[PDB]
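Protein chains in written order, with the authors' numbering: chain A, 1 to 104; chain C, 62 to 202; chain B, 16 to 47, 58 to 112. What follows is one structure encoded as structure tokens, with my remarks underneath.
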Amino acid sequence: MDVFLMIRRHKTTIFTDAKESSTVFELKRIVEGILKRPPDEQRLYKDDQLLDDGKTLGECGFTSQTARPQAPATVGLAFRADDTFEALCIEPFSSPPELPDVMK
Amino acid sequence: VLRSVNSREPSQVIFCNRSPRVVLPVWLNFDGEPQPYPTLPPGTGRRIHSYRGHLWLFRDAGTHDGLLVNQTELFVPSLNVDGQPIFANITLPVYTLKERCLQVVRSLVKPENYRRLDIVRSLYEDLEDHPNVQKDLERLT
Amino acid sequence: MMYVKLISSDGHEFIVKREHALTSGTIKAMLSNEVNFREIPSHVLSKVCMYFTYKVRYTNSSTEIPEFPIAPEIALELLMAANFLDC
Ligand SMILES: CC(=O)N[C@@H](C)C(=O)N1C[C@H](O)C[C@H]1C(=O)NCc1ccc(-c2scnc2C)cc1
């Protein structure tokens, strides 16, 4: 079963899919192909939780019914600058304006 | 041009609403005119009596947004084989993002205030040109 | 796979498949690997990128199609974006 993901780090936001049966490490390989950083320099998160390389996305809560195309699930990403890992930072999206008078 | 064939060969049908909208079945009668039928709530079905060669199409009851029936615009009852009804699956189309954005904007603003919105005059004309059954029958024809 | 970068007014960088972004004729022209949008904020452009995924998933499928959701707060800005993008 396909799961649909937003992988997020600072202002970067990848949109991709993976199988529910695929691993966290396999998703890191996908990030490697796009952002040119290998799995060892990567750290994937679900909310505040670090994920383990050998665990499937399904085991980490990404199911085909929560991680939908129209409303995909977020996966935090953090890089290693040489020595140690940076803190997980996801820049929030912009604020919408106030609902105009006519839309209330 | 688009009219039901007056065959008088009965055809039993299941209108099955696999959409989140309240569905309004529209029969195109023998002189071309759209006749409305009772509404189907979302996820409900009705076993109905129609005839072969009759023409139906399906709309959102509240906004007249177009729905599909068996992947297409129009549904025609075929011959019942095995004494068994023909299945008529009413579903959403994959609307364009633009038309979907129009639907939501239409559902939040009343017709009077479309001109007050801060958008191009091309979009007032798209907003006011709401889905309509006579419009679509002229296209198909 | 082949990816492209779509950049919002506020500097957010959305990386999506090239197939998905070519849905929009405007983006295809803007390419023919990154495309900066001066007028589309990130809260709008993420819904656009969600719509691409949605549209590629459910086009040519007899599975029940769900309603593509749009919050009331972002409907005007998304309308204006789709009208520009033609998707
Ligand atoms: C002689 C002839 O064919 N007369 C037409 C008016 C007729 O009887 N029709 C046209 C269509 O083929 C359907 C049929 C008809 O009206 N059947 C009765 C009917 C009643 C309600 C319903 C519906 S539609 C949604 N819910 C219901 C209960 C469907 C069919």
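Quick reminder that beta carbons are idealized off the backbone N, C-alpha and C, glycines included.
Along the chain, where does the alpha helix (DSSP H) that runs through residue 108 of chain B open and close? If you number the third sequence from 1, residue 108 of chain B lands on position 83. From DSSP, the alpha helix (DSSP H) with residue 108 of chain B extends over 100-110.
Residue 220 of chain C CB to nearest heavy atom of ligand 1 below 6 Å: Nothing about residue 220 of chain C can be reported from this structure: the residues present for chain C run from 62 to 202 only.
Alpha carbon to alpha carbon, how far is residue 154 of chain C from residue 75 of chain C? The count along the second sequence starts at 1 and reaches residue 154 of chain C at position 93. The count along the second sequence starts at 1 and reaches residue 75 of chain C at position 14. About 19 Å.
With a threshold of 8 Å, are at least 3 pairs of Cβ atoms found where one atom belongs to the segment 68-77 of chain B and the other to the segment 22-42 of chain B? yes
Mapping DSSP to helix, strand and coil, what is residue 36 of chain A? Working through the first sequence from its first residue, we reach residue 36 of chain A at position 36. Of the three classes helix, strand and coil, the one that applies to residue 36 of chain A here is coil, per DSSP.
Residue 78 of chain C, DSSP secondary structure in three states: Along the second sequence, one-based indexing puts residue 78 of chain C at 17. If DSSP states are grouped into helix, strand and coil, residue 78 of chain C belongs with the strands.
Give, in chain order, every residue of the segment 74-85 of chain B whose Cβ lies closer than 9 Å to some Cβ of chain A. 74, 75, 76, 77, 78, 79, 80, 81, 82 and 83
Along chain C, in chain order, which residues have C-beta atoms closer than 8 Å to that of residue 97 of chain B? Within the third sequence, residue 97 of chain B is the residue found at index 72, counting from 1. Going along chain C in sequence order, the residues near residue 97 of chain B (Cβ under 8 Å) are 165 and 169.
If you run the structure through DSSP and keep just helix, strand and coil, what is residue 30 of chain A? Here residue 30 of chain A corresponds to residue number 30 of the first sequence, with the count starting at 1. It is helical.
Would you please verify whether the beta carbon of residue 60 of chain B is less than 7 Å from any beta carbon of chain A? What you label residue 60 of chain B is simply residue 35 of the third sequence in a count that begins at 1. No, no contact with chain A.
Proximal chain C residues relative to residue 102 of chain A, where beta-carbon distance stays under 7 Å: Taking the first sequence and counting its residues from 1, the one referred to as residue 102 of chain A is at position 102. 170, 174, 177 and 178, listed in chain order.
For residue 90 of chain B, would you say it is in contact with chain C, using Cβ-to-Cβ distances shorter than 7 Å as the test? The sequence position of residue 90 of chain B within the third sequence is 65, counting from 1. Closer than 7 Å to some Cβ of chain C, the Cβ of residue 90 of chain B qualifies, so yes.
is_contact[residue 103 of chain B, chain C] using C-beta, thresh 7 Å: In the third sequence, residue 103 of chain B corresponds to position 78, counting from 1. So yes, residue 103 of chain B belongs to the interface.
Could you check what DSSP says for residue 123 of chain C in three-state terms: helix, strand or coil? Here residue 123 of chain C refers to the residue found at position 62 of the second sequence. Looking at residue 123 of chain C - three-state DSSP - the assignment turns out to be coil, as it is neither helix nor strand.
When you compare each of B/36, B/64 and B/63 to residue 47 of chain B by their alpha carbons, which one comes out closest? Locating residue 47 of chain B in the third sequence gives position 32, counting from the first residue. Nearest option by C-alpha distance: B/36.
Just checking, does the segment 100-109 of chain B make contact with the segment 155-174 of chain C on the three C-beta pairs under 8 Å criterion? yes
Same chain, Cβ closer than 6 Å to residue 39 of chain B, five either side skipped, listed in chain order: Within the third sequence, the letter at position 24 stands for residue 39 of chain B. Cβ within range, chain order: 110 and 112.
Is residue 107 of chain C near ligand 1 - that is, is its Cβ less than 6 Å away from at least one heavy atom of it? Walking along the second sequence from the start, residue 107 of chain C turns up at place 46. Yes, the beta carbon of residue 107 of chain C sits closer than 6 Å to at least one heavy atom of ligand 1.
If you measure from the CB of residue 98 of chain C, is any heavy atom of ligand 2 nearer than 6 Å? The model on display carries ligand 1 but not ligand 2.
Run through DSSP, which three-state label would residue 17 of chain A get? By one-based count along the first sequence, residue 17 of chain A stands at place 17. Of the three classes helix, strand and coil, the one that applies to residue 17 of chain A here is strand, per DSSP.
Within the 7 Å Cβ cut-off, does residue 192 of chain C reach chain B? Residue numbering aside, residue 192 of chain C sits at position 131 when the second sequence is read from its first letter. Output row for residue 192 of chain C: interface = no.
Output the distance between the C-alpha atoms of residue 17 of chain B and residue 86 of chain A, rounded to the nearest integer angstrom. Indexing the third sequence from 1 puts residue 17 of chain B at position 2. Indexing the first sequence from 1 puts residue 86 of chain A at position 86. Distance between the alpha carbons of residue 17 of chain B and residue 86 of chain A is about 28 Å.
Along the chain, which unbroken stretches of the beta strand (DSSP E) at least 3 residues long are found entirely within the segment 82-109 of chain C? 84-89 and 95-97
Give a yes or no on whether the minimum CB-CB distance between residue 30 of chain B and chain A is below 7 Å. In the third sequence, counting from the first residue as 1, residue 30 of chain B sits at position 15. Closer than 7 Å: yes.
Any chain C beta carbon closer than 7 Å to residue 109 of chain B: As a first step, residue 109 of chain B must be located in the third sequence, where it is residue number 84. Judged by the 7 Å Cβ criterion, residue 109 of chain B is not in contact with chain C.
Can the beta-carbon of residue 86 of chain C be found less than 7 Å from the beta-carbon of residue 98 of chain C? Translated into the one-based positions of the second sequence, residue 86 of chain C becomes position 25. Translated into the one-based positions of the second sequence, residue 98 of chain C becomes position 37. Closer than 7 Å, so yes.
Neighbour flag for residue 100 of chain B against chain C, beta carbons, 7 Å: The residue given as residue 100 of chain B occupies position 75 in the third sequence. With 7 Å as the cut-off, residue 100 of chain B counts as an interface residue toward chain C.
Contact with chain A by residue 71 of chain B, beta-carbon distance below 7 Å: Residue numbering aside, residue 71 of chain B sits at position 46 when the third sequence is read from its first letter. Yes - at least one Cβ of chain A is within 7 Å of the one on residue 71 of chain B.
Unbroken beta strand (DSSP E) run spanning residue 170 of chain C, endpoints: Numbered from 1 along the second sequence, position 109 holds the residue referred to as residue 170 of chain C. Careful: residue 170 of chain C lies outside any beta strand (DSSP E) and carries neither H nor E.
Return the Cβ separation of residue 101 of chain B and residue 180 of chain C in integer angstroms, given the expectation that the two are a contact with Cβ distance under 8 Å. Taking the first residue of the third sequence as 1, we reach residue 101 of chain B at position 76. Taking the first residue of the second sequence as 1, we reach residue 180 of chain C at position 119. Correct: roughly 7 Å between the Cβ atoms.
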